[PDB]
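Text of work-v5.pdb, listed as PDB, C-alpha atoms:
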ATOM      1  CA  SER A   1      19.840 -20.671   1.046  1.00  0.00           C
ATOM      2  CA  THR A   2      17.392 -18.124  -0.284  1.00  0.00           C
ATOM      3  CA  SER A   3      14.172 -20.121  -0.431  1.00  0.00           C
ATOM      4  CA  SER A   4      10.661 -19.328   0.683  1.00  0.00           C
ATOM      5  CA  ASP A   5       9.051 -21.710   3.163  1.00  0.00           C
ATOM      6  CA  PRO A   6       5.422 -22.921   3.570  1.00  0.00           C
ATOM      7  CA  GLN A   7       2.830 -21.045   5.646  1.00  0.00           C
ATOM      8  CA  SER A   8       1.945 -18.193   3.371  1.00  0.00           C
ATOM      9  CA  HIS A   9       0.885 -14.936   4.892  1.00  0.00           C
ATOM     10  CA  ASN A  10      -1.865 -12.541   4.055  1.00  0.00           C
ATOM     11  CA  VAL A  11      -1.523  -8.972   5.095  1.00  0.00           C
ATOM     12  CA  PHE A  12      -4.133  -6.214   4.717  1.00  0.00           C
ATOM     13  CA  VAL A  13      -2.465  -3.087   3.509  1.00  0.00           C
ATOM     14  CA  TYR A  14      -3.815   0.394   3.064  1.00  0.00           C
ATOM     15  CA  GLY A  15      -2.075   2.631   0.549  1.00  0.00           C
ATOM     16  CA  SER A  16       1.560   1.429   0.704  1.00  0.00           C
ATOM     17  CA  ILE A  17       1.664  -1.812  -1.307  1.00  0.00           C
ATOM     18  CA  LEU A  18      -1.338  -1.437  -3.529  1.00  0.00           C
ATOM     19  CA  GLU A  19       0.908  -1.151  -6.476  1.00  0.00           C
ATOM     20  CA  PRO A  20       3.365  -3.546  -8.255  1.00  0.00           C
ATOM     21  CA  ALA A  21       6.401  -1.208  -8.073  1.00  0.00           C
ATOM     22  CA  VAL A  22       6.204  -1.001  -4.315  1.00  0.00           C
ATOM     23  CA  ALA A  23       5.626  -4.756  -3.847  1.00  0.00           C
ATOM     24  CA  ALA A  24       8.605  -5.431  -6.040  1.00  0.00           C
ATOM     25  CA  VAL A  25      10.851  -3.033  -4.127  1.00  0.00           C
ATOM     26  CA  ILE A  26       9.672  -4.241  -0.735  1.00  0.00           C
ATOM     27  CA  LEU A  27      10.131  -7.906  -1.306  1.00  0.00           C
ATOM     28  CA  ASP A  28      12.117  -8.422  -4.513  1.00  0.00           C
ATOM     29  CA  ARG A  29       9.235  -9.547  -6.584  1.00  0.00           C
ATOM     30  CA  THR A  30       5.726  -8.377  -7.178  1.00  0.00           C
ATOM     31  CA  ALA A  31       3.378  -9.772  -4.581  1.00  0.00           C
ATOM     32  CA  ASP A  32      -0.249 -10.240  -5.417  1.00  0.00           C
ATOM     33  CA  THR A  33      -2.749  -8.158  -3.673  1.00  0.00           C
ATOM     34  CA  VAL A  34      -6.331  -9.206  -3.594  1.00  0.00           C
ATOM     35  CA  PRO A  35      -9.177  -6.711  -2.918  1.00  0.00           C
ATOM     36  CA  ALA A  36     -10.599  -7.192   0.524  1.00  0.00           C
ATOM     37  CA  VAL A  37     -12.443  -5.232   3.082  1.00  0.00           C
ATOM     38  CA  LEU A  38     -11.665  -5.163   6.751  1.00  0.00           C
ATOM     39  CA  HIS A  39     -14.859  -5.030   8.708  1.00  0.00           C
ATOM     40  CA  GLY A  40     -14.176  -4.058  12.270  1.00  0.00           C
ATOM     41  CA  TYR A  41     -11.683  -1.315  11.726  1.00  0.00           C
ATOM     42  CA  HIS A  42     -12.078   2.210  10.724  1.00  0.00           C
ATOM     43  CA  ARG A  43      -9.685   4.103   8.502  1.00  0.00           C
ATOM     44  CA  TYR A  44      -8.656   7.581   9.280  1.00  0.00           C
ATOM     45  CA  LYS A  45      -6.718  10.009   7.116  1.00  0.00           C
ATOM     46  CA  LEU A  46      -4.275  11.440   9.669  1.00  0.00           C
ATOM     47  CA  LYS A  47      -2.945  14.591   8.235  1.00  0.00           C
ATOM     48  CA  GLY A  48       0.451  14.980   9.736  1.00  0.00           C
ATOM     49  CA  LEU A  49       1.289  11.416  10.493  1.00  0.00           C
ATOM     50  CA  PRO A  50       2.869   9.074   7.753  1.00  0.00           C
ATOM     51  CA  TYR A  51      -0.380   7.899   5.968  1.00  0.00           C
ATOM     52  CA  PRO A  52      -2.133   6.210   8.986  1.00  0.00           C
ATOM     53  CA  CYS A  53      -4.272   4.595  10.303  1.00  0.00           C
ATOM     54  CA  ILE A  54      -6.824   2.016  11.234  1.00  0.00           C
ATOM     55  CA  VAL A  55      -7.700   1.787  14.858  1.00  0.00           C
ATOM     56  CA  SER A  56     -10.701   1.134  17.079  1.00  0.00           C
ATOM     57  CA  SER A  57     -12.814  -1.994  16.819  1.00  0.00           C
ATOM     58  CA  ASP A  58     -15.339   0.108  15.029  1.00  0.00           C
ATOM     59  CA  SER A  59     -18.519  -1.095  13.388  1.00  0.00           C
ATOM     60  CA  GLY A  60     -17.289   0.259  10.075  1.00  0.00           C
ATOM     61  CA  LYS A  61     -15.076  -1.324   7.529  1.00  0.00           C
ATOM     62  CA  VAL A  62     -11.967  -0.457   5.551  1.00  0.00           C
ATOM     63  CA  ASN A  63     -11.721  -1.416   1.898  1.00  0.00           C
ATOM     64  CA  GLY A  64      -8.233  -2.143   0.704  1.00  0.00           C
ATOM     65  CA  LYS A  65      -6.228  -5.084  -0.474  1.00  0.00           C
ATOM     66  CA  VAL A  66      -4.496  -7.965   1.113  1.00  0.00           C
ATOM     67  CA  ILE A  67      -1.037  -8.902   0.089  1.00  0.00           C
ATOM     68  CA  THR A  68      -1.201 -12.644  -0.352  1.00  0.00           C
ATOM     69  CA  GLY A  69       1.454 -15.282  -0.820  1.00  0.00           C
ATOM     70  CA  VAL A  70       3.822 -13.593   1.518  1.00  0.00           C
ATOM     71  CA  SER A  71       6.519 -15.791   2.991  1.00  0.00           C
ATOM     72  CA  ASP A  72       7.539 -15.279   6.642  1.00  0.00           C
ATOM     73  CA  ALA A  73      10.737 -13.734   5.336  1.00  0.00           C
ATOM     74  CA  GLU A  74       8.894 -11.430   2.962  1.00  0.00           C
ATOM     75  CA  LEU A  75       6.341 -10.493   5.655  1.00  0.00           C
ATOM     76  CA  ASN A  76       9.109  -9.388   7.943  1.00  0.00           C
ATOM     77  CA  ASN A  77      10.125  -6.623   5.528  1.00  0.00           C
ATOM     78  CA  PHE A  78       6.760  -4.931   5.939  1.00  0.00           C
ATOM     79  CA  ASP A  79       7.259  -4.933   9.678  1.00  0.00           C
ATOM     80  CA  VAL A  80      10.804  -3.595   9.356  1.00  0.00           C
ATOM     81  CA  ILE A  81      10.170  -1.070   6.603  1.00  0.00           C
ATOM     82  CA  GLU A  82       7.609   1.722   7.146  1.00  0.00           C
ATOM     83  CA  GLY A  83       5.951  -0.240   9.951  1.00  0.00           C
ATOM     84  CA  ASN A  84       7.828   1.988  12.418  1.00  0.00           C
ATOM     85  CA  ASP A  85       4.928   3.025  14.636  1.00  0.00           C
ATOM     86  CA  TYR A  86       2.768   0.221  13.492  1.00  0.00           C
ATOM     87  CA  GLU A  87       2.084  -3.104  15.091  1.00  0.00           C
ATOM     88  CA  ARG A  88       0.946  -6.373  13.597  1.00  0.00           C
ATOM     89  CA  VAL A  89      -2.427  -7.590  14.586  1.00  0.00           C
ATOM     90  CA  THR A  90      -4.630 -10.269  13.203  1.00  0.00           C
ATOM     91  CA  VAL A  91      -7.851  -9.040  11.676  1.00  0.00           C
ATOM     92  CA  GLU A  92     -10.385 -10.797   9.563  1.00  0.00           C
ATOM     93  CA  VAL A  93     -11.316  -9.333   6.234  1.00  0.00           C
ATOM     94  CA  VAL A  94     -13.581 -10.190   3.454  1.00  0.00           C
ATOM     95  CA  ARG A  95     -11.885 -11.079   0.273  1.00  0.00           C
ATOM     96  CA  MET A  96     -14.041  -8.846  -1.917  1.00  0.00           C
ATOM     97  CA  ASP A  97     -12.616 -10.731  -4.881  1.00  0.00           C
ATOM     98  CA  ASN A  98     -14.718 -13.813  -3.888  1.00  0.00           C
ATOM     99  CA  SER A  99     -16.876 -12.348  -1.052  1.00  0.00           C
ATOM    100  CA  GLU A 100     -15.312 -14.880   1.373  1.00  0.00           C
ATOM    101  CA  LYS A 101     -13.958 -14.112   4.789  1.00  0.00           C
ATOM    102  CA  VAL A 102     -10.243 -14.583   5.407  1.00  0.00           C
ATOM    103  CA  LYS A 103      -8.102 -13.991   8.458  1.00  0.00           C
ATOM    104  CA  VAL A 104      -5.091 -11.770   7.789  1.00  0.00           C
ATOM    105  CA  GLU A 105      -2.440  -9.646   9.465  1.00  0.00           C
ATOM    106  CA  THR A 106      -2.470  -5.922   9.276  1.00  0.00           C
ATOM    107  CA  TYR A 107      -0.704  -2.919  10.652  1.00  0.00           C
ATOM    108  CA  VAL A 108      -2.396  -0.749  13.135  1.00  0.00           C
ATOM    109  CA  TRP A 109      -1.062   2.335  14.827  1.00  0.00           C
ATOM    110  CA  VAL A 110       0.584   1.832  18.226  1.00  0.00           C
ATOM    111  CA  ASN A 111      -0.508   5.345  19.298  1.00  0.00           C
ATOM    112  CA  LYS A 112      -4.082   3.776  19.022  1.00  0.00           C
ATOM    113  CA  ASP A 113      -4.596   4.531  22.761  1.00  0.00           C
ATOM    114  CA  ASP A 114      -6.484   7.714  22.024  1.00  0.00           C
ATOM    115  CA  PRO A 115      -8.763   7.872  18.954  1.00  0.00           C
ATOM    116  CA  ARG A 116      -7.196  10.671  16.978  1.00  0.00           C
ATOM    117  CA  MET A 117      -9.028  12.163  13.990  1.00  0.00           C
ATOM    118  CA  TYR A 118     -11.963   9.833  14.727  1.00  0.00           C
ATOM    119  CA  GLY A 119     -13.973  11.587  12.050  1.00  0.00           C
ATOM    120  CA  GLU A 120     -13.589   9.881   8.728  1.00  0.00           C
ATOM    121  CA  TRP A 121     -12.622  12.195   5.927  1.00  0.00           C
ATOM    122  CA  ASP A 122     -14.074  12.531   2.418  1.00  0.00           C
ATOM    123  CA  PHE A 123     -13.848   9.350   0.458  1.00  0.00           C
ATOM    124  CA  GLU A 124     -14.448  11.310  -2.678  1.00  0.00           C
ATOM    125  CA  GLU A 125     -11.413  13.392  -2.028  1.00  0.00           C
ATOM    126  CA  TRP A 126      -9.377  10.248  -1.563  1.00  0.00           C
ATOM    127  CA  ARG A 127     -10.860   8.876  -4.796  1.00  0.00           C
ATOM    128  CA  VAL A 128      -9.909  11.953  -6.792  1.00  0.00           C
ATOM    129  CA  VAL A 129      -6.460  12.423  -5.257  1.00  0.00           C
ATOM    130  CA  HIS A 130      -5.281   8.829  -5.707  1.00  0.00           C
ATOM    131  CA  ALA A 131      -6.748   8.864  -9.190  1.00  0.00           C
ATOM    132  CA  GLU A 132      -4.941  12.025 -10.275  1.00  0.00           C
ATOM    133  CA  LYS A 133      -1.670  10.632  -9.070  1.00  0.00           C
ATOM    134  CA  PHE A 134      -2.032   7.374 -10.970  1.00  0.00           C
ATOM    135  CA  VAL A 135      -3.550   9.070 -14.022  1.00  0.00           C
ATOM    136  CA  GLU A 136      -0.660  11.600 -14.281  1.00  0.00           C
ATOM    137  CA  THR A 137       1.855   8.831 -13.769  1.00  0.00           C
ATOM    138  CA  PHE A 138       0.445   6.643 -16.577  1.00  0.00           C
ATOM    139  CA  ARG A 139       0.003   9.547 -19.029  1.00  0.00           C
ATOM    140  CA  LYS A 140       3.478  10.893 -18.392  1.00  0.00           C
ATOM    141  CA  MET A 141       5.123   7.492 -18.471  1.00  0.00           C
ATOM    142  CA  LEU A 142       3.364   6.890 -21.778  1.00  0.00           C
ATOM    143  CA  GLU A 143       4.775  10.129 -23.136  1.00  0.00           C
ATOM    144  CA  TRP A 144       8.241   9.013 -22.222  1.00  0.00           C
ATOM    145  CA  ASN A 145       7.584   5.460 -23.500  1.00  0.00           C
ATOM    146  CA  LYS A 146       6.313   7.029 -26.711  1.00  0.00           C
ATOM    147  CA  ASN A 147       9.650   8.897 -27.054  1.00  0.00           C
ATOM    148  CA  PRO A 148       8.484  12.411 -28.034  1.00  0.00           C
ATOM    149  CA  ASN A 149      11.953  13.780 -28.695  1.00  0.00           C
ATOM    150  CA  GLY A 150      13.213  10.475 -30.008  1.00  0.00           C
ATOM    151  CA  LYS A 151      15.071  10.254 -26.743  1.00  0.00           C
ATOM    152  CA  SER A 152      16.806   6.957 -26.297  1.00  0.00           C
ATOM    153  CA  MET A 153      18.110   5.318 -23.080  1.00  0.00           C
ATOM    154  CA  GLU A 154      21.786   6.014 -23.852  1.00  0.00           C
ATOM    155  CA  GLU A 155      20.948   9.392 -25.315  1.00  0.00           C
ATOM    156  CA  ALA A 156      19.022  10.552 -22.231  1.00  0.00           C
ATOM    157  CA  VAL A 157      21.910   9.693 -19.973  1.00  0.00           C
ATOM    158  CA  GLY A 158      24.869  12.045 -19.962  1.00  0.00           C
ATOM    159  CA  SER A 159      27.476   9.374 -20.327  1.00  0.00           C
ATOM    160  CA  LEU A 160      31.172  10.253 -20.321  1.00  0.00           C
ATOM    161  CA  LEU A 161      33.769   8.863 -22.680  1.00  0.00           C
ATOM    162  CA  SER A 162      36.599  10.521 -20.800  1.00  0.00           C
ATOM    163  CA  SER A 163      38.211  12.450 -23.540  1.00  0.00           C
ATOM    164  CA  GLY A 164      41.922  12.819 -23.242  1.00  0.00           C
ATOM    165  CA  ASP A 165      43.225  16.022 -24.607  1.00  0.00           C
TER     166      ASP A 165
END
Take the structure I supplied and represent it as structure tokens, if you would.
Amino acid sequence: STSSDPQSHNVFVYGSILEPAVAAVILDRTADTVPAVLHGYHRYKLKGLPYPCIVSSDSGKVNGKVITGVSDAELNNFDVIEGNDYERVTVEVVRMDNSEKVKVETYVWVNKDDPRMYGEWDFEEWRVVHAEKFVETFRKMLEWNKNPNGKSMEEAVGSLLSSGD
């Protein structure tokens, strides 16, 4: 039947599932991410490729979050969905949340052969861009949740009664 088994997985994610909506649509339910930093990998921006990547056993570190409490069934969805040119590797990260070191899985880029875009982009730009996106989203969702026009769920939807004339 549908039941999760023991052996919980931890997977370091960058970008994709750092939000509840995505975790809920990927698995079924919201998975808990914990802030952690992956020392030993370096994050690149990759303008042109689908939001990649981390490659090279670099002396730098990547700060992101680890998706914890992932069942082997749940974990598989990350590999199947969006992990198209990505491969699972085991990396060890520091759970920033408690400053402890934990061994996790992550997705690296299979085209890792050649270090592409080895120069790391502006963190500040990343900070502002992700912020604007979340900030707009919360403000605008609040406007809707506030109901400015007194717009109700059934009102907003153009439902049909099927009038017979």
Self-check item: Distance criterion (only C-alpha atoms): nearest to residue 72 (chain A) out of A:11, A:17, A:161, A:37
Solution: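 Closest residue, counting only C-alpha atoms: A:11.
Using all atoms listed in the file, the shortest contact distance between residue 15 (chain A) and any of A:110, A:62, A:142, A:80 is found at A:62.
Between CA of residue 130 (chain A) and CA of residue 59 (chain A) there is a distance of 25.3 Å.
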Quiz item: Pick from A:82, A:41, A:61, A:47: nearest to residue 16 (chain A), with only C-alpha atoms counted?
Solution: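 Of A:82, A:41, A:61, A:47, the one nearest residue 16 (chain A), counting only C-alpha atoms, is A:82.
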Practice problem: Just say which residues the PyMOL selection byres ((chain A and resi 44) around 8) picks in this file, as a ChimeraX atom specification. | Solution: /A:42-43,45-46,52-54,117-121
Exercise. Tell me which of A:106, A:137, A:71, A:10 sits closest to residue 83 (chain A), counting all atoms listed in the file.
Key: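 Under the stated criterion, the closest residue is A:106.
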Using all atoms listed in the file, what does the table of region 44-145 of chain A residues within 12 Å of region 19-23 of chain A look like, with each row giving the shortest atom pair and its distance in Å to one decimal, sorted by chain and ascending number, as a tab-separated table?
residue	atom	partner	partner_atom	distance
A:64	CA	A:19	CA	11.7
A:65	CA	A:19	CA	10.1
A:66	CA	A:19	CA	11.5
A:67	CA	A:23	CA	8.8
A:68	CA	A:23	CA	11.0
A:69	CA	A:23	CA	11.7
A:70	CA	A:23	CA	10.5
A:74	CA	A:23	CA	10.1
A:75	CA	A:23	CA	11.1
A:77	CA	A:23	CA	10.6
A:78	CA	A:23	CA	9.9
A:81	CA	A:22	CA	11.6
A:82	CA	A:22	CA	11.9
A:130	CA	A:19	CA	11.8
A:134	CA	A:19	CA	10.1
Mind writing the picked residues with C-alpha atoms as a compact mmCIF listing (two decimals), in the frame of the given file?
# COMPACT_ATOMS: atom_id res chain seq x y z
CA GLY A 64 -8.23 -2.14 0.70
CA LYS A 65 -6.23 -5.08 -0.47
CA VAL A 66 -4.50 -7.96 1.11
CA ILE A 67 -1.04 -8.90 0.09
CA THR A 68 -1.20 -12.64 -0.35
CA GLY A 69 1.45 -15.28 -0.82
CA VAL A 70 3.82 -13.59 1.52
CA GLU A 74 8.89 -11.43 2.96
CA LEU A 75 6.34 -10.49 5.66
CA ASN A 77 10.12 -6.62 5.53
CA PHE A 78 6.76 -4.93 5.94
CA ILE A 81 10.17 -1.07 6.60
CA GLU A 82 7.61 1.72 7.15
CA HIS A 130 -5.28 8.83 -5.71
CA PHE A 134 -2.03 7.37 -10.97
Quiz item: For residue 102 (chain A), which of A:159, A:114, A:89, A:12 is the closest residue, counting all atoms listed in the file?
Solution: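 With all atoms listed in the file as the atom set, the closest residue is A:12.
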Practice problem: Work out how far CA of residue 92 (chain A) is from CA of residue 105 (chain A), in Å to one decimal. | Solution: 8.0 Å
Exercise. I would like the residues chosen by the PyMOL selection byres ((chain A and resi 2) around 12) on the shown file; could you give them as a PyMOL selection string?
Key: chain A and resi 1+3-5+28+71+73-74
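The space separating CA of residue 27 (chain A) from CA of residue 103 (chain A) comes to 21.6 Å.
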Mind writing region 113-135 of chain A to a file for me, with C-alpha atoms, as a PDB file, in the first residue's frame?
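selection-v5.pdb written:
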ATOM      1  CA  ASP A 113      33.274  17.255 -17.291  1.00  0.00           C
ATOM      2  CA  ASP A 114      34.271  20.766 -18.248  1.00  0.00           C
ATOM      3  CA  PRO A 115      33.944  23.575 -15.670  1.00  0.00           C
ATOM      4  CA  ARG A 116      31.526  25.906 -17.379  1.00  0.00           C
ATOM      5  CA  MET A 117      30.950  29.410 -16.003  1.00  0.00           C
ATOM      6  CA  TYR A 118      33.579  28.705 -13.324  1.00  0.00           C
ATOM      7  CA  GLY A 119      33.348  32.308 -12.208  1.00  0.00           C
ATOM      8  CA  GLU A 120      30.818  32.720  -9.465  1.00  0.00           C
ATOM      9  CA  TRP A 121      28.291  35.427 -10.115  1.00  0.00           C
ATOM     10  CA  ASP A 122      27.058  38.221  -7.834  1.00  0.00           C
ATOM     11  CA  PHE A 123      25.514  36.927  -4.679  1.00  0.00           C
ATOM     12  CA  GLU A 124      23.929  40.280  -4.150  1.00  0.00           C
ATOM     13  CA  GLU A 125      22.139  40.016  -7.421  1.00  0.00           C
ATOM     14  CA  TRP A 126      20.850  36.612  -6.420  1.00  0.00           C
ATOM     15  CA  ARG A 127      19.783  38.065  -3.061  1.00  0.00           C
ATOM     16  CA  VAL A 128      17.820  40.884  -4.659  1.00  0.00           C
ATOM     17  CA  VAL A 129      16.269  38.813  -7.448  1.00  0.00           C
ATOM     18  CA  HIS A 130      15.004  35.976  -5.243  1.00  0.00           C
ATOM     19  CA  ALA A 131      13.793  38.551  -2.756  1.00  0.00           C
ATOM     20  CA  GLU A 132      11.795  40.547  -5.298  1.00  0.00           C
ATOM     21  CA  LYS A 133      10.115  37.418  -6.514  1.00  0.00           C
ATOM     22  CA  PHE A 134       9.049  36.306  -3.052  1.00  0.00           C
ATOM     23  CA  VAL A 135       8.200  39.845  -1.938  1.00  0.00           C
TER      24      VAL A 135
END
